[PDB]
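Just so you know, ligand 1 is whichever comes first in the structure, and atom 1 is the first atom listed for that ligand. Every chain is numbered from 1 and lettered A, B, ... according to where its sequence line falls, protein lines coming before strand lines.
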Amino acid sequence: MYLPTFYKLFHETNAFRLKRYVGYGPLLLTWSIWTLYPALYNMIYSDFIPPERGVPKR
Amino acid sequence: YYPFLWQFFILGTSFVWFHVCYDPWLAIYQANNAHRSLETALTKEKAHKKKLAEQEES
Ligand SMILES: CCCCCCCCCCCCCCCCCC(=O)OC[C@H](COP(=O)([O-])OCC[N+](C)(C)C)OC(=O)CCCCCCCCCCCCCCCCC
Ligand SMILES: CCCCCCCCCCCCCCCCCC(=O)OC[C@H](COP(=O)([O-])OCC[N+](C)(C)C)OC(=O)CCCCCCCCCCCCCCCCC
Ligand SMILES: CCCCCCCCCCCCCCCCCC(=O)OC[C@H](COP(=O)([O-])OCC[N+](C)(C)C)OC(=O)CCCCCCCCCCCCCCCCC
């Protein structure tokens with residue numbers, strides 16, 4: 001007979017619930033990307049892609 | 001049947017709302033005021049400066 005410990009049942013239930021809730025992480029990420037998009041653009045092209053060095057002659 | 005996918009659908013509908021209510025008004029507003037831009041004034045000043053410079057004395 002299958003007599004799992006209640007520790008395991010609790011762990012598996014919480015694992016499933018965590019899986020369910022993680023699906024909204026992308027949702028909130030998209031919401032905060034559409035919102036505050038200028039901030040994301042500034043971050044991307046200031047830290048990950050630093051500007052070029054040289055300056056115009058004028 | 002996938003709640004987070006339906007939330008993405010709601011986000012898409014809100015995006016469509018924003019763009020529908022945004023693009024037409026902005027387009028018509030910036031089409032109406034095409035001749036009031038700073039570029040027109042700069043071009044007029046450049047033309048007048050050229051005309052004054054070509055015709056002058058020592
Ligand atoms: C260092 C951080 C300090 C500042 C505080 C930061 C708070 C951040 C809050 C926002 C992000 C939350 C993300 C997790 C959300 C989980 C929701 C939930 O209910 O869980 C789903 C399910 C539970 O589903 P549920 O439906 O039963 O949810 C209800 C849960 N209770 C009853 C608690 C209200 O739980 C899980 O299995 C996942 C739990 C994730 C969170 C675990 C926290 C502890 C372990 C990781 C961190 C350890 C270090 C902590 C810092 C110590 C520093 C010395
Ligand atoms: C660089 C950008 C890359 C972007 C790539 C985007 C590509 C997206 C492609 C999606 C294809 C479709 C996938 C469908 C999955 C369905 C799963 C499912 O059944 O869900 C039900 C479950 C919950 O189910 P439920 O309980 O809500 O309902 C089930 C419905 N019935 C009952 C009818 C069956 O949800 C999940 O599985 C959610 C978890 C999986 C997805 C987690 C993704 C996390 C990503 C976090 C953001 C990372 C960003 C990058 C960070 C980089 C940092 C350096
Ligand atoms: C100017 C004054 C007057 C007009 C004000 C304009 C509205 C301002 C507030 C709008 C809030 C959004 C609409 C809520 C309406 C009720 C929806 C509802 O009952 O939920 C069911 C609906 C969906 O339920 P449903 O049952 O209809 O459909 C989904 C069901 N399935 C998947 C089975 C198909 O929920 C939503 O679609 C969105 C819920 C969002 C959470 C509710 C509170 C939002 C509060 C706003 C701020 C949120 C911030 C989040 C980020 C954290 C920031 C710190």
Side-chain angles (χ1 to χ4, degrees):
Chain A
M1 58 191 66
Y2 194 72
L3 287 169
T5 314
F6 301 109
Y7 288 117
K8 182 172 69 171
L9 305 184
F10 186 79
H11 295 352
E12 297 170 352
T13 296
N14 287 268
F16 159 67
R17 289 173 179 268
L18 173 61
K19 163 185 166 185
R20 189 212 297 272
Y21 300 166
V22 165
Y24 296 90
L27 175 70
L28 305 179
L29 179 65
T30 311
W31 273 105
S32 59
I33 285 172
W34 182 28
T35 315
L36 313 177
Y37 181 85
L40 185 65
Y41 179 91
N42 302 333
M43 181 185 184
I44 293 287
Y45 290 93
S46 61
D47 302 334
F48 304 95
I49 306 177
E52 294 183 357
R53 293 294 187 180
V55 301
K57 57 188 174 183
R58 299 177 182 178
Chain B
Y1 284 0
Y2 297 86
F4 75 108
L5 250 61
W6 192 260
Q7 239 59 26
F8 274 101
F9 174 87
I10 292 174
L11 166 57
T13 58
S14 67
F15 179 84
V16 170
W17 276 106
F18 171 80
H19 264 35
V20 166
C21 300
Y22 178 89
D23 293 63
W25 284 101
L26 179 57
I28 188 65
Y29 169 74
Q30 70 186 13
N32 181 20
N33 304 270
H35 66 286
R36 298 197 183 99
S37 294
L38 175 60
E39 280 57 15
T40 302
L42 293 177
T43 300
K44 185 179 177 183
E45 279 190 0
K46 181 179 179 180
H48 174 73
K49 292 289 183 180
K50 183 183 293 185
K51 175 55 172 59
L52 194 63
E54 64 178 7
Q55 177 178 357
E56 81 307 350
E57 62 175 0
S58 299

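- Closest protein heavy atom to atom 49 (C) of ligand 2: A:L29 CD2, 3.8 Å.
- The protein non-hydrogen atom at the shortest distance from atom 39 (C) of ligand 3 is B:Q7 NE2, 4.4 Å.
- Of the candidates B:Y2, B:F4, B:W6, B:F8, it is B:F4 that places a heavy atom closest to atom 15 (C) of ligand 2.
- For atom 47 (C) of ligand 3, no protein non-hydrogen atom is found at a distance below 4.0 Å.
- Within the 4.0 Å heavy-atom shell around ligand 2 one does not find A:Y24.
- The local environment of NZ in A:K8 is crowded, with over 12 non-hydrogen atoms from other residues, nucleotides or ligands closer than 6.0 Å.
- Protein heavy atom closest to atom 19 (O) of ligand 1, with residue, atom name and distance, is A:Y21 CE1, 4.1 Å.
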Candidate pair B:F9 and B:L5, rule side-chain contact (heavy atoms from CB on, under 4.5 Å), full reasoning: CA-CA 6 Å; B:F9 174 87; B:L5 250 61; over 6 Å; no

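- Protein heavy atom in closest approach to atom 37 (O) of ligand 3: B:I10 CD1, 3.0 Å.
- Summary of contacts: the protein heavy atom closest to atom 36 (C) of ligand 2 is A:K19 O, 3.8 Å.
- The closest approach between a heavy atom of A:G25 and any atom of ligand 2 is not below 4.0 Å.
- Of all the atoms in ligand 1, the ones that sit under 4.0 Å from a non-hydrogen atom of A:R17 are 24 (O), 25 (P), 26 (O), 27 (O).
- Every atom of ligand 2 is numbered from 1 in the order shown, and the set under 4.0 Å from a heavy atom of B:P3 is 27 (O), 28 (O).
- If you number the atoms of ligand 2 from 1 as listed, the ones under 4.0 Å from a heavy atom of B:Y1 come out as 30 (C), 31 (N), 33 (C).
- For atom 34 (C) of ligand 1, the protein comes within 4.0 Å by no heavy atom at all.
- Under the 4.0 angstrom criterion, atom 25 (P) of ligand 3 counts as lacking any protein heavy-atom contact.
- Of all protein heavy atoms, the one lying nearest to atom 41 (C) of ligand 2 is A:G23 CA, 4.5 Å.
- Remark: atom 31 (N) of ligand 1 lies closer than 4.0 Å to no protein heavy atom.
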